[PDB]
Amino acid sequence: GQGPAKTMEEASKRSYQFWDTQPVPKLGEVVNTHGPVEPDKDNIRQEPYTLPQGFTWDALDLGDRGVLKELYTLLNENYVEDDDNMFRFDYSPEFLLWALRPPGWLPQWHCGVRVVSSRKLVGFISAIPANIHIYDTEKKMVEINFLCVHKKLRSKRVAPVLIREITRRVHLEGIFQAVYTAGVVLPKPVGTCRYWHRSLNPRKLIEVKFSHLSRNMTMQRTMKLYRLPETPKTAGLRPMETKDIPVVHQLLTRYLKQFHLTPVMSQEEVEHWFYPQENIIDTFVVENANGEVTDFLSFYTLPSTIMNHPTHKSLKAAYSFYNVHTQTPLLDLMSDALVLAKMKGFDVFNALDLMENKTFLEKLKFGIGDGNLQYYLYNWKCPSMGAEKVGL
């Protein structure tokens, strides 16, 4: 079961038995054109792809409470881990409904695999509809997320079946491009982003060995280094409300035009993705002295289970989402984000080096991480881009 590559040079040795069959550019192929890798198919396979004996397809109705519980349990026990098997993402059921039932979600795109004899859930992959702006093209695509194979099913070529089947189910709806991200290198990244980490509770992070002490730095020195103001400083910062949905959509739409890979959100999508839900998504807008909203910051909640630590069980992480500035300096906005996450009990504030994040990452005492996020397009050939042009 030949394994995944983390760097492009590691990807140079590997051969991709599955991805070589797919409409994606080859690694190292220099891309100077814009368009689909292959034309749209005008007749689509009607029958689901074959699973190995003893396994069967089942679309997961996440509105069924028990079924949503089956999915949370599969991901809680088999989804993305760190390399040293110390942390695994702890997606909550309400978070999964937020991520998997945005506007336009379809039941057949919650594609599960069950054991035939026991009906045990052992596989999953998902699509959600997404209008994507890529350079000079706006196209209706899907975003593929939550590909998961039960640990007992690993390295048996079940993921290619999940990918082909969700591809077929997307093709049936007339969509022929997709966007997705991964921590491994596959043919062929359109952009490579790096995680950065802002310690909020440095003692806990070092205790559970998420971070380490700097060579000659003490715990007492580290805690003083990362100490934050007790309350934000931007005038008029307050949580987003229903009345802010239009202006937040307006701010986000205009702000994203400067990047090359961005989503195109309807106002209903802005409501879904940004309206605050506790322990899921927080959005704060800046309302100035005239009553007009000029900026906003947002971050979502994604805790990680701590595998074996005697006193700590959960690593509470906030992930930077979208941060739009027109009147408040982005450095001030992200400084307030750190304070707001600290007040809310988060242990670490994660962000990528995409969009304009490089302008504040080092200044706000973020430290570079060891993990990258690779961005991909399915069936779309276009030049690669730097992280600062990625807005997805």
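One rule holds for the numbers: they count along the sequence shown, beginning at 1. If you superpose the two forms and keep the largest set of C-alpha atoms that fall within 1.5 Å, you have the rigid core.
Superposing the other copies on the rigid core and comparing 83-91 to 188-196, farther C-alpha placement in 8 other deposited structures of this protein marks 83-91. The stretch that strays farther, by root mean square C-alpha distance over structures and residues in 8 other deposited structures of this protein after a rigid core fit, is 301-309, when 172-180 is set against 301-309. Mean CA B-factor, 211-219 versus 182-190: the higher value falls on 211-219. Per the PDB record, of the two stretches 80-88 and 252-260, 80-88 carries the greater mean B-factor over its C-alpha atoms. Note on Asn288, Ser314, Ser298, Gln177: the highest value goes to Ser314, judged by CA B factor as recorded. Looking at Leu100, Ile125, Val270, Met307, the one whose CA carries the top B-factor in the deposited record is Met307.
Placement of the Cα temperature factor of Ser266 within the chain: lowest third of the modelled residues, per the deposited record. When all modelled residues of the chain are sorted by CA temperature factor, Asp244 is found within the lowest third. Ranked within its chain, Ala159 lands in the middle third, by CA B factor from the PDB record. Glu94: CA B factor lies in the middle third for its chain, per the PDB record. In this PDB entry, the Cα temperature factor of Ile206 sits in the top third of its chain's modelled residues, the highest group.
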